[PDB]
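S.K.: Next input, structure requested:
(4 chains)
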Number of protein chains: 2
Amino acid sequence: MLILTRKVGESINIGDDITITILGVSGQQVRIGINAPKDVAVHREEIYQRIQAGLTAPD
Amino acid sequence: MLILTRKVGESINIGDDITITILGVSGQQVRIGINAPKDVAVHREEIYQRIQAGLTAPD
RNA sequence: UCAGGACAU
RNA sequence: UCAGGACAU
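M.R.: Residues are numbered from 1 along each chain as shown, chains lettered A, B, ... in the order given. Below, you will see the structure:
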């Protein structure tokens, strides 16, 4: 686990092929971006539960 | 490239072993959390430049 | 901004 | 906002 603080217009990184960018905020909402190869997956925590059910590609 | 707009307390996911959470905001600041194995790296964009200089894991 | 592989900025 | 593998929340 890691925790750190950032502000709009800055970035964070993961692995050696992933990047994250805080595009800005709108009230409690926070617009964020993600940059990774299609060799990996990325979704909301909601959609992730449909995938970790036992797969990475639908029927 | 992906873009999301979610608020404090929400979560997002990457790969099959990474998770992200938005702990909250303060004006323009945005405190964030990350959860991944030590088999991968995670730092802010500032520290990432010390790593991509020729490596991906500290001493 | 209700969910996408797009900064719509 | 100071930099860590910790929500210090």
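S.K.: which residues touch residue A:36?
M.R.: Residue A:36 is in contact with A:17, A:18, A:19, A:42, B:14, counting by C-beta atoms under 8 Å, 6 or more residues apart in numbering or on different chains. No exception for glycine: its C-beta is placed from N, CA and C like everyone else's.
S.K.: Next, it: phi, psi?
M.R.: phi -150, psi 160 (degrees, to the nearest 10).
S.K.: same thing with residue A:50?
M.R.: The phi/psi pair for residue A:50 (degrees, to the nearest 10) is phi -80, psi -20.
S.K.: Check the gap between it and RNA strand C for me.
M.R.: 10 Å (C-beta to the nearest atom of the strand, to the nearest Å).
S.K.: what about burial for the contacts of residue A:36, which qualify?
M.R.: A:18, A:19, A:42, B:14 (16 or more other C-beta atoms under 10 Å in any protein chain shown).
S.K.: The first one reaches residue A:41, doesn't it?
M.R.: I take that to be residue A:18. No. Taking contacts as C-beta atoms under 8 Å, residue A:18 lies outside contact range of residue A:41: 11.3 Å.
S.K.: which residues are common contacts for the two?
M.R.: Common neighbours of residue A:18 and residue A:41 (C-beta under 8 Å, 6+ apart) are residue B:14.
S.K.: Burial check on residue A:10, number of neighbours?
M.R.: Neighbour count of residue A:10, defined by other C-beta atoms under 10 Å in any protein chain shown: 16.
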